Every structure is written in C-alpha cells, then in structure tokens.
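The structure appears below as structure tokens.
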Amino acid sequence: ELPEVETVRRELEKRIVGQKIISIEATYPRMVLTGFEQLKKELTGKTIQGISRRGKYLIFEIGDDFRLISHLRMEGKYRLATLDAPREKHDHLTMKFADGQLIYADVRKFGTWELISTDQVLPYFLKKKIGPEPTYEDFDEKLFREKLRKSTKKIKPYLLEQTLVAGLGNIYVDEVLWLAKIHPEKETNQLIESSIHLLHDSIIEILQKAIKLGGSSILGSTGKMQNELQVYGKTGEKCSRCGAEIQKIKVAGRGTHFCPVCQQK
DNA sequence: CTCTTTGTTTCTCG
DNA sequence: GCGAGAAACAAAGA
Ligand SMILES: [Zn+2]
C-alpha cells in the first residue's frame, strides 16, 4: 500500500539515482504495458534522475523526458542484486547498471510497467481518477465530507477506490476504520461530521505512522508497522480498546477485520 | 481431487 | 451510472 511503496521509493532514491542503465532484460515482457522492446530501446543508456510516487504507483524519472510508472499490485517486489546474482523463479525484469542490477519479481504476474513522457504523467493520473495524497496539505476534509454526503456506497469499498484519497488497500483501510470507530459497511451518507473528521485525520495519521515505521511486512521488507496492527489478520484476538473479539467478514469480496463493539453497524 | 484465501485494479453483466 | 462477481496469476492450506 502507500507506506510500503513510499519505503521502496526512499530506498531506491538513496541507491540508484545517478546510475546509467547499461541494459534491460525481460523474461516476462508482457508486463510492460507500453511494449517491452520499445522501453528497452528508449531507456538503455539513460541515467536515473529520481524516483517519485503517486498513491500506490512508483515513478522512475529516467532522463529528462521519460517516466516509468510501476504498480506492484498484490505481490510485486524489487531488489538490488549483484550482476552475477542467480535467477529466481518469479523474476520478470531487470535493469542492469555497471555495479549491480534492479530486479522486479512478481509471483502472480499482476504488477505493471508503463513508459510515458514527462508531460503525460499528470494526465495519466487524472485519467485514473486518483484522489489526493493523504497529507494535511492535500487531503481537504471539506471536499471529502461532501463526497461522503452524496453517496450511498459502503465506506470500506468507497475508500478502496482510490478516488476519495489515494493509497489505502486492505490492511490500512481496516486499520483506519478501527481507529476511527466506523463499521466497514456503514453507508457514507450516514456518517456525521465528527466521524468524518476523525476518519480524515486517522487516514493521514495511520499512513504517516506506517511510513515512519518502514511499512508492514506480513526492498522495503524490513518494516515494523506489522507490530502495530490492531485488526488486520487479528481474527479471534481481543480488541486492544474494549476487549471484544476481532471478527472477520466479507465486504464487497474482501476479507474484512473489525471490532463489533468499537465499530457499530 | 475441490474450494478457499491472498498487500489490486479493472472488466462484464444485468 | 450501480453492485456483484470475477479475470489476470500463483501458491498454499483445509
Ligand atoms: Zn473494541
């Protein structure tokens, strides 16, 4: 989710910025949605200038004019390896540098790469309808409140859409709703102003805490946020606030962990 | 064997 | 448009 992608972004920023790409190889070229041979031709010999993030998307800034947009989906994992590192089964792509290589692996093959130009990045995210970053500066509670008032959607699935605010997935949506004492099936037009305020702040605070702790490990695999989870994967354990048993249900196809006392239906 | 579960996004169907 | 269900894929457990 956003905190894990941010953790990877920071680690990569530290290590590969300034590196010339010597070569690029694929064993699974079909995950390059803009075309693998095209990407190899355009990026070979270019230097990595920066790594940015928007929501759950990583953005490699490569030369002045290219942006490689990468989504890790369910299982994508990057690692920095020596040039002689052996192949592992689900490795799909590598960018080779002079002194090491960046390898992308993805057991389920869901993750994507798209090569687009610098001036097309903002239109790309507008087209995806990605909502604001989860910061006090960008995530305006007033617009959030108005969108929730207008909808009969259930809060968990509406938060997962990425349109009200970017970066929540199954772990942090469950954690946030427990923190804000809101049931995941609550229709959003039933939420009162004070609950919306607590939700807004809890989204920002949980994701910032998860970033600080290097994400949850259930690059970026040394996180400590998993030790702070209150409900996700905690079925049958007791709520830290009230002592009721955490329950698990299915909401719009997703596993959903909540306290039935603290999160009233 | 069959079913279910899983850090996601985006489709069809009615 | 909406919600339900499932595709894309792989692995593991009941
Ligand atoms: Zn509780």
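Just so you know, these numbers use all the heavy atoms, side chains as well, and skip hydrogens, waters and symmetry mates. Within every chain, numbering begins at 1; the chains are lettered A, B, ... in the order of the sequence lines, protein sequences first and strands thereafter.
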* Structure fact -> Judged by the sign of the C1'-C2'-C3'-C4' torsion, with positive meaning north and negative meaning south, the sugar of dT9(B) is south
* When rounded to the nearest 0.5 angstrom, what distance separates CZ in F144(A) from CZ in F139(A)? -> 4.0 Å
Rounded distance in Å between the [atom1] positions of [N] and [M]:
N      : M       : atom1 : answer
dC1(B) : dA8(C)  : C1'   : 24 Å
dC9(C) : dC11(B) : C1'   : 16 Å
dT8(B) : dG1(C)  : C1'   : 22 Å
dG5(C) : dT4(B)  : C1'   : 15 Å

* Taking the six-membered ring of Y158(A) (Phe, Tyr or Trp), confirm whether the NZ or CZ of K154(A) is under 6.0 Å from its centre and within 45° of its axis. => no
In whole angstrom, give the distance that lies between atom [atom1] of [X] and atom [atom2] of [N].
X       : N      : atom1 : atom2 : result
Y124(A) : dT9(B) : OH    : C1'   : 10 Å
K109(A) : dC9(C) : NZ    : P     : 8 Å
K56(A)  : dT8(B) : NZ    : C1'   : 6 Å

* Taking the side chain as C-beta and beyond, is there a heavy-atom pair between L2(A) and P134(A) under 4.5 Å? -> yes
* Side-chain donor-acceptor contact under 3.5 Å, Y136(A) with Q208(A) -> no
* With sugar-phosphate meaning primed atoms plus P, OP1 and OP2, does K250(A) contact a base, only sugar-phosphate, or nothing at under 4.0 Å between heavy atoms? -> sugar-phosphate
